[PDB]
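# Architecture at a glance
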Amino acid sequence: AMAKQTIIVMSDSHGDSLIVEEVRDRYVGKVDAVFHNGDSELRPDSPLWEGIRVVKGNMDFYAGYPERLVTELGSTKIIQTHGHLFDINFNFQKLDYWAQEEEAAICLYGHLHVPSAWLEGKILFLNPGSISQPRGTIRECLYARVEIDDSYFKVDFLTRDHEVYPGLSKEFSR
Ligand SMILES: [Cl-]
Ligand SMILES: [Cl-]
Ligand SMILES: [Mn+2]
Ligand SMILES: [Mn+2]
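Residues numbered from 1 in each chain as written, not as in the entry; some residues may be left out. Chains lettered and ligands numbered in written order. Heavy atoms only, no water.

In the PDB archive, X-ray crystallography is given as the structure determination method for this entry, at a resolution of 2.300 Å.

In structure tokens:
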């Protein structure tokens, strides 16, 4: 039985560097990985990115962010993209095709500023929400925690004070 993993995922921070630093500082070295799914509006050479896996958003104009990132975490293959290059506002068919060709455990995306967690195929798709500019029905700034083991993905959405926001948590069996 694999040892349990915990990942921290955020996105669409939009020029708020204190929140990125705060989340880095809180979690780097205490969880298995920390992810940012883009639209930070920060420089890729920022020291705030030490310990964090970050991809390019459409509102990231500086050279040096990757469009896609594959992170293999033990037996867990995580893929990560902003989403704009997959036309996710149209639908998720292009994103899901890529996730299937990669045979990902987890597919991380941003762009929509809407928190979501669903299982399609055996693949968890997660948008952590926007940590600065929430959209849709939930007007609270959010990021996400995923707990991973052989039996379950557990997803909680967390506020900027690092508390679980109720009514959004999901548990998926694998
Ligand atoms: Cl799009
Ligand atoms: Cl946008
Ligand atoms: Mn954005
Ligand atoms: Mn975007």
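### Side note on the coordination of the manganese ion (ligand 3)
Donor atoms from the polypeptide that coordinate the manganese ion (ligand 3) comprise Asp12 (OD), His14 (NE2), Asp39 (OD) and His113 (NE2), at 2.1 to 2.3 Å from the metal. Of note, the donors binding the manganese ion (ligand 3) are all from one chain and are spaced D-x1-H-x24-D-x73-H. Here the manganese ion (ligand 4) and the manganese ion (ligand 3) are spaced 3.5 Å from one another, each receiving a donor from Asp39. Taken together, the residues span a long stretch of sequence, with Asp12 in the loop between β1 (5–10) and α1 (17–27) and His113 in the loop between β6 (106–108) and β7 (115–120) at a distance of 101 residues. (Donors = N, O, S within 2.8 Å, 3.2 Å for Na, K, Ca; no water. Helix = DSSP H or I, 4+ residues; strand = E, 2+ residues; numbered from the N terminus.)

### Description of the coordination of the manganese ion (ligand 4)
Those donors, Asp39 (OD), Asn58 (OD1), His82 (NE2) and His111 (ND1), are the protein atoms that reach the manganese ion (ligand 4), and they lie 2.1 to 2.5 Å from it. We note that the donor set of the manganese ion (ligand 4) lies within a single chain, spaced as D-x18-N-x23-H-x28-H. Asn58 gets classed as partly exposed once you look at its relative accessible area, which sits at 27%. You can call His82 buried: its relative accessible area is 0%. (Buried < 20%, exposed > 50% of the residue type's maximum accessible area, 1.4 Å probe, protein only.)

### Overview of the pairing of strand β8 (residues 123–128)
A large share of β8 lies buried, amounting to six of its six residues. Every second residue of β8 is oriented toward a common face, with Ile123, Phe125 and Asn127 on one face and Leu124, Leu126 and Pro128 on the other, all of them buried. Here β6 pairs with β8 via three bridges, running parallel. Across the sheet, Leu108 pairs through a bridge with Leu126, a residue of β8. Relative to β8, β7 runs antiparallel, the two sharing six bridges. The residue bridging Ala117 from the neighbouring strand is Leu126, located in β8. Counting the residues in the hairpin turn of β7 and β8 gives two residues, including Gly121, whose phi is positive at 65 degrees. (Pairing = 2+ DSSP bridges.)

### Some details on a negative patch on the surface
Judged by side-chain charge, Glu22, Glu140, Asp161 and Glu163 come together as a negatively charged surface patch. Along the chain, the position of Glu140 falls in the loop between β8 and β9 (143–148). (Patch = residues over 30% accessible without salt bridge, like charges linked within 9 Å, V, L, I, M, F, W, Y side chains within 5 Å. Areas by Shrake-Rupley, 256 points an atom, 1.4 Å probe, with all protein chains shown as cover. Salt bridge = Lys/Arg side-chain N within 4 Å of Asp/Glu carboxyl O. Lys, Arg positive; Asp, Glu negative; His and termini not counted. Charge placed at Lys NZ, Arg CZ, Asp CG, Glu CD.)

### Topic: the environment of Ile7
Position of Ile7 relative to the elements: it lies in strand β1. Residue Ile7 is classed as buried on the basis of its relative accessible area of 0%. Between the C-alpha atoms of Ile7 and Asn37, which are 30 residues apart in sequence, the distance is 13 Å. Residues within four places of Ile7 in sequence aside, it is in contact with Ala33, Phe35, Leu73, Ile78, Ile106, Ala144, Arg145, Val146 and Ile148. (Contact = heavy atoms within 4.5 Å.)

### As for the side chain of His113
What makes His113 buried here is its relative accessible area of 8%. In this structure the side chain of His113 is engaged in a polar contact, spanning 2.8 Å, whose partner is the side chain of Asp12. Reaching out from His113, the side chain makes a polar contact with the side chain of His14 at a distance of 3.4 Å. Aside from chain neighbours lying at most four places away, what touches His113 is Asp12, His14, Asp39, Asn127, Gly129, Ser130, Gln133, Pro134 and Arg135. (Polar contact = N/O pair within 3.5 Å; in protein donor to acceptor, adjacent residues only side chain to side chain.)

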